[PDB]
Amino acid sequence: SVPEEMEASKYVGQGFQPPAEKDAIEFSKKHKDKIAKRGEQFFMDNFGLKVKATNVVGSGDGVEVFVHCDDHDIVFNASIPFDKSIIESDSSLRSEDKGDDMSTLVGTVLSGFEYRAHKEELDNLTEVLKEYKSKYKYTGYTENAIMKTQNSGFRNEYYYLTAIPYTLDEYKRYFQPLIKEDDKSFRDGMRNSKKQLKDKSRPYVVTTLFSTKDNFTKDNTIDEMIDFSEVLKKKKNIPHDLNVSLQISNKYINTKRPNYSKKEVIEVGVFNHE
């Protein structure tokens, strides 16, 4: 069996299950390849990106496909729900959805564009978080846990990045044409998109750290987090131009619902542009 809670260092997604019917869960297992293929098709039809399914699960009375994208340095994880009727065809999945869920998905995909636009800086931050896990007594999620259970956009073991949402029409007009550009042209394009869409804000980087202390408390780890923030502020090669926030919690993770945002955390600002 799978316990309700596990150490984050040992959690690889076992027991992960969004709210769903027994029939829907069984359906997801019987049509894993078809659902994965349709999920990949959805991201190609709507975003012009090549993605790979990482997980197929029952969700509500239907199914849900988690995908990972690493295409032209656009990197993110996302998910899409489907009705069981998704197995009925291979016809275009081009969406006419104008609702909040489509705008939110656009924002999730755009986190991957934000990653590419600040790749070197963000990769330097990843390296620094690996460098200090012993000193500040933490781990991140496992690679399997983030690949199979998370869908917010760009994410690694230690942090996730959040971008501003837009409609699919806005995505098609301002961002899809940038995918095939060279890095210099891509970064210029991203700058111009923000000016045209009147976005004066910066993407947010939020860490997802799990203390290795058996007796973690907010009161006994706050000083260590303040000190780590001070260390980070002095690293020249990390994202000074982004909003960066340090979060740490206890060593555990809910196996069925591994949602870091529902945990009790310490939060210390590193860089802020608000």
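Heads up: residue numbers just count along the shown sequence, starting at 1.
- Per-stretch averaging of Cα B factors for 133-141 and 174-182 places 174-182 on top.
- Once the C-alpha B-factors are averaged per stretch, 63-71 and 237-245 rank with 237-245 first.
- Residues shown: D227, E40, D33, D214. Highest C-alpha temperature factor in the entry: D214.
- Among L161, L125, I86, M190, the highest C-alpha B-factor in the deposited entry belongs to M190.
- In this PDB entry, the Cα temperature factor of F76 sits in the bottom third of its chain's modelled residues, the lowest group.
- When the CA B factors of the chain's modelled residues are split into thirds, the value for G153 lands in the lowest one.
- Split the chain's modelled residues into thirds by C-alpha temperature factor. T255 is in the lowest one.
- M147: CA B factor in the lowest third of modelled residues in this chain (values from the PDB entry).
- Ranked against the other modelled residues of its chain, the C-alpha B-factor of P165 as given in the entry falls in the highest third.
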